[PDB]
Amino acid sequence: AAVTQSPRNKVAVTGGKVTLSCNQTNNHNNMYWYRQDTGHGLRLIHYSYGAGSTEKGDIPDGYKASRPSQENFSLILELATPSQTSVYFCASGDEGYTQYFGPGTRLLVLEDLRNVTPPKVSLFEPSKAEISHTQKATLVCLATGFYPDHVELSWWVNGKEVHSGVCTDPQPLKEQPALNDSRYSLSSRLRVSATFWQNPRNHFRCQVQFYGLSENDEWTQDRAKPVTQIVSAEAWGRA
């Protein structure tokens, strides 16, 4: 029994409208919305026993729920506030006690969007010294100059995502730690055998999915509108 959520990540402004959607094709009557904040267990916001039913949970204030069909249950923040920065989880179930949880949605509500900036991405190729010392080859990806810190960094070899041999910094670091809205950097490593990196048919790519403005958000600065987007960098293996 599966449950999906959209979007997976969202940056919004105070006073804006945000809709979080949950879909399930299990024909479950019952669906539930929670938020998870550090220092607390998941807390129930709203729930629903069927199309047209919405019921207040433990912390409903500032949210409206909508159940237009059996499949879809939405959480609507009419006037988003910074206190709604959270991870939101949807679940569904039938008459049994089990709740089947979705993957979560990360929401950040900023006071203002003026500092929002996408990353630059650079790929650093393995050292010949590492190769001769270890028979291994470490690629480093660096995402820089971005704000806020809502990015997903992933590694791709020949168009398929790789997880083995990867480690990405658990959080971005501030570029100007003394400043109010510092930009961020994030690094990641992909380590492969020297022969894999030496093969010129292997195409390596580091991808950063950046979450920023939507098409609908107003933008009054001269620079390009910092919309949600992918930035990547790539290199081919070589002898």
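Numbers follow the displayed sequence, beginning with 1.
Of 9-17 and 216-224, the stretch whose C-alpha atoms average the higher B-factor in the entry
Higher mean C-alpha B-factor in the PDB entry: 216-224.
86-94 or 112-120, whichever carries the higher mean Cα B-factor:
According to the PDB entry, the answer is 112-120.
Per the entry, which of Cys206, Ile45, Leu186, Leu179 tops the list for Cα B factor?
Of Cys206, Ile45, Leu186, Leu179, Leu179 has the highest C-alpha B-factor.
From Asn158, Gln99, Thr105, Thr134, which pick has the Cα B-factor that tops the rest in the entry?
It is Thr134.
For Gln229, the third of its chain into which the C-alpha B factor falls:
For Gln229, whose C-alpha B-factor we compare with every modelled residue in the chain, the answer is the lowest third.
Could you say whether, by C-alpha temperature factor, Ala129 belongs to the lowest, middle or highest third of its chain?
Highest third of the chain for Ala129's C-alpha B-factor.
Compare the C-alpha B factor of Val140 with those of the other modelled residues in its chain, then answer lowest, middle or highest third.
It falls in the bottom third of the chain.
Relative to the other modelled residues of the same chain, rank the CA B-factor of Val192 and answer lowest, middle or highest third.
Middle third - that is where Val192 ends up once the chain's C-alpha B-factors are sorted.
Lowest, middle or highest third of the chain for the C-alpha temperature factor of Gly62?
For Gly62, whose C-alpha B-factor we compare with every modelled residue in the chain, the answer is the middle third.
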